Amino acid sequence: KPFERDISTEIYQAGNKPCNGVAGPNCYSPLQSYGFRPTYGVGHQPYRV
Amino acid sequence: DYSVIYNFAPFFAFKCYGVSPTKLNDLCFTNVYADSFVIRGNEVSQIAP
């Protein structure tokens, strides 16, 4: 919903079986990392908004 | 139906580039092509964009 903050990392249960709080098959951590390097092209460079 | 695909053996690598894993069932396509082959463990990474 508009203007909402979520910070809790629960292992995504896309599969039909509970993840039990660990990573594995059909169990991925929701958070993913940008990697910023000077040689990256415009459009992948980090932008401050 | 990707339920059976998940119900098959646990996958060493299940990475989706164009179609989101969540929206796999939601999105519709005219034709689907599946390419089956056997490769070594380190050769798995080479099969990627």
# chains A, B, ... in the order shown; residues from 1 in each chain; ligands from 1

$ residues_around --residues "residue B:10" --least-positions-apart "2" --cutoff "7 Å" --atoms "only C-alpha atoms" --output "PyMOL selection string"
(chain A and resi 25) or (chain B and resi 8+12)

$ interface_residues --of "chain B" --to "chain A" --cutoff "9 Å" --atoms "only C-alpha atoms" --output "list in words"
residues 3, 6, 7, 10, 11, 12, 13, 14, 21 and 22 of chain B

$ write_last_selection --atoms "N, CA, C and O atoms" --output "compact mmCIF listing (two decimals), in the first residue's frame"
# COMPACT_ATOMS: atom_id res chain seq x y z
N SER B 3 3.02 -26.52 -10.73
CA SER B 3 2.93 -27.26 -9.48
C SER B 3 3.64 -28.60 -9.58
O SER B 3 4.38 -28.99 -8.67
N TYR B 6 7.46 -28.04 -9.60
CA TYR B 6 7.95 -27.94 -8.22
C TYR B 6 7.90 -29.28 -7.51
O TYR B 6 8.80 -29.60 -6.72
N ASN B 7 6.86 -30.08 -7.76
CA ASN B 7 6.71 -31.38 -7.12
C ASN B 7 7.75 -32.40 -7.59
O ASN B 7 7.87 -33.45 -6.97
N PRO B 10 14.16 -31.90 -6.15
CA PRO B 10 14.72 -30.59 -5.80
C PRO B 10 15.75 -30.14 -6.83
O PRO B 10 16.58 -30.94 -7.29
N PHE B 11 15.71 -28.86 -7.18
CA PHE B 11 16.47 -28.35 -8.30
C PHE B 11 17.75 -27.67 -7.82
O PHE B 11 17.71 -26.81 -6.94
N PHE B 12 18.88 -28.08 -8.40
CA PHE B 12 20.15 -27.43 -8.09
C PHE B 12 20.14 -25.98 -8.53
O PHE B 12 20.65 -25.10 -7.82
N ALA B 13 19.56 -25.70 -9.70
CA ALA B 13 19.47 -24.34 -10.22
C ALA B 13 18.10 -24.15 -10.87
O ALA B 13 17.78 -24.81 -11.87
N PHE B 14 17.30 -23.24 -10.30
CA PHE B 14 16.00 -22.87 -10.85
C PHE B 14 15.94 -21.34 -10.90
O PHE B 14 15.44 -20.67 -10.00
N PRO B 21 9.13 -15.94 -11.37
CA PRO B 21 8.70 -17.22 -10.79
C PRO B 21 7.28 -17.17 -10.24
O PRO B 21 6.55 -18.16 -10.34
N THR B 22 6.88 -16.04 -9.66
CA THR B 22 5.52 -15.92 -9.15
C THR B 22 4.51 -15.84 -10.29
O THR B 22 3.44 -16.44 -10.23

$ atom_distance --atom1 "atom CA of residue B:36" --atom2 "atom CA of residue B:48"
14.7 Å

$ decode --residues "stretch 7-36 of chain A" --atoms "N, CA, C and O atoms" --output "compact mmCIF listing (two decimals), in the first residue's frame"
# COMPACT_ATOMS: atom_id res chain seq x y z
N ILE A 7 10.67 -4.34 6.62
CA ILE A 7 12.07 -4.61 6.91
C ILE A 7 12.31 -6.03 7.38
O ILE A 7 13.46 -6.42 7.60
N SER A 8 11.26 -6.83 7.53
CA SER A 8 11.37 -8.17 8.07
C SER A 8 11.64 -9.15 6.94
O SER A 8 10.91 -9.17 5.94
N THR A 9 12.67 -9.97 7.11
CA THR A 9 13.12 -10.91 6.09
C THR A 9 12.60 -12.30 6.43
O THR A 9 13.18 -12.99 7.27
N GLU A 10 11.52 -12.71 5.78
CA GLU A 10 11.01 -14.06 5.87
C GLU A 10 11.31 -14.78 4.57
O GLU A 10 11.09 -14.23 3.49
N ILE A 11 11.83 -16.00 4.67
CA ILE A 11 12.19 -16.77 3.48
C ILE A 11 10.94 -16.99 2.64
O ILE A 11 9.94 -17.55 3.11
N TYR A 12 11.00 -16.54 1.39
CA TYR A 12 9.83 -16.59 0.51
C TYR A 12 9.42 -18.03 0.24
O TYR A 12 10.22 -18.83 -0.25
N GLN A 13 8.17 -18.36 0.56
CA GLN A 13 7.64 -19.70 0.33
C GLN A 13 6.80 -19.70 -0.95
O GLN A 13 5.57 -19.68 -0.94
N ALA A 14 7.51 -19.72 -2.08
CA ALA A 14 6.84 -19.87 -3.36
C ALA A 14 6.35 -21.30 -3.55
O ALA A 14 5.36 -21.54 -4.25
N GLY A 15 7.03 -22.26 -2.93
CA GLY A 15 6.63 -23.64 -3.06
C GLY A 15 5.46 -24.00 -2.16
O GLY A 15 4.92 -23.17 -1.42
N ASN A 16 5.07 -25.27 -2.23
CA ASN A 16 3.94 -25.76 -1.45
C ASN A 16 4.34 -26.22 -0.05
O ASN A 16 3.46 -26.61 0.72
N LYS A 17 5.63 -26.20 0.29
CA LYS A 17 6.09 -26.70 1.58
C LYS A 17 6.70 -25.58 2.40
O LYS A 17 7.40 -24.72 1.85
N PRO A 18 6.45 -25.55 3.72
CA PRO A 18 7.02 -24.49 4.57
C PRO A 18 8.54 -24.43 4.52
O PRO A 18 9.21 -25.46 4.49
N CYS A 19 9.08 -23.21 4.52
CA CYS A 19 10.52 -23.03 4.38
C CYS A 19 11.24 -23.26 5.71
O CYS A 19 12.44 -23.57 5.72
N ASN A 20 10.54 -23.10 6.83
CA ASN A 20 11.09 -23.27 8.17
C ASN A 20 12.22 -22.29 8.47
O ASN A 20 13.09 -22.57 9.29
N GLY A 21 12.21 -21.13 7.81
CA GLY A 21 13.18 -20.09 8.09
C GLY A 21 14.58 -20.34 7.57
O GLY A 21 15.53 -19.73 8.08
N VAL A 22 14.74 -21.20 6.57
CA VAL A 22 16.05 -21.47 5.98
C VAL A 22 15.92 -21.43 4.46
O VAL A 22 14.83 -21.54 3.90
N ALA A 23 17.06 -21.25 3.80
CA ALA A 23 17.09 -21.16 2.35
C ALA A 23 17.28 -22.55 1.73
O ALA A 23 17.83 -23.46 2.34
N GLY A 24 16.81 -22.68 0.49
CA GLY A 24 16.89 -23.94 -0.22
C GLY A 24 16.00 -23.97 -1.45
O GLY A 24 15.66 -22.93 -2.03
N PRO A 25 15.60 -25.17 -1.86
CA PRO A 25 14.71 -25.29 -3.03
C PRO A 25 13.37 -24.63 -2.77
O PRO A 25 12.68 -24.94 -1.79
N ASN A 26 13.00 -23.70 -3.66
CA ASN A 26 11.79 -22.89 -3.53
C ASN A 26 11.75 -22.12 -2.21
O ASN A 26 10.68 -21.90 -1.64
N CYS A 27 12.92 -21.71 -1.72
CA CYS A 27 13.05 -20.94 -0.49
C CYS A 27 14.17 -19.93 -0.68
O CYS A 27 15.34 -20.26 -0.51
N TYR A 28 13.81 -18.69 -1.04
CA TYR A 28 14.79 -17.66 -1.35
C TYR A 28 14.61 -16.48 -0.41
O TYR A 28 13.48 -16.11 -0.07
N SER A 29 15.72 -15.90 0.02
CA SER A 29 15.66 -14.68 0.81
C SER A 29 15.13 -13.53 -0.04
O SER A 29 15.63 -13.30 -1.15
N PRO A 30 14.11 -12.81 0.43
CA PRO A 30 13.53 -11.75 -0.40
C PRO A 30 14.51 -10.65 -0.76
O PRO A 30 14.40 -10.07 -1.85
N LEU A 31 15.45 -10.34 0.12
CA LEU A 31 16.36 -9.23 -0.13
C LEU A 31 17.43 -9.61 -1.15
O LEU A 31 18.00 -10.70 -1.09
N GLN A 32 17.69 -8.70 -2.08
CA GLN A 32 18.74 -8.86 -3.07
C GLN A 32 19.55 -7.57 -3.13
O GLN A 32 19.02 -6.48 -2.90
N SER A 33 20.83 -7.71 -3.46
CA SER A 33 21.79 -6.62 -3.33
C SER A 33 22.10 -6.00 -4.68
O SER A 33 22.45 -6.70 -5.63
N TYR A 34 21.96 -4.68 -4.76
CA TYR A 34 22.59 -3.94 -5.84
C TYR A 34 24.10 -4.05 -5.70
O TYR A 34 24.64 -4.05 -4.59
N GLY A 35 24.79 -4.16 -6.83
CA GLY A 35 26.23 -4.03 -6.83
C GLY A 35 26.60 -2.81 -7.65
O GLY A 35 26.23 -2.72 -8.82
N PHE A 36 27.29 -1.85 -7.05
CA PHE A 36 27.61 -0.60 -7.72
C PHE A 36 29.11 -0.50 -7.93
O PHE A 36 29.89 -0.57 -6.97
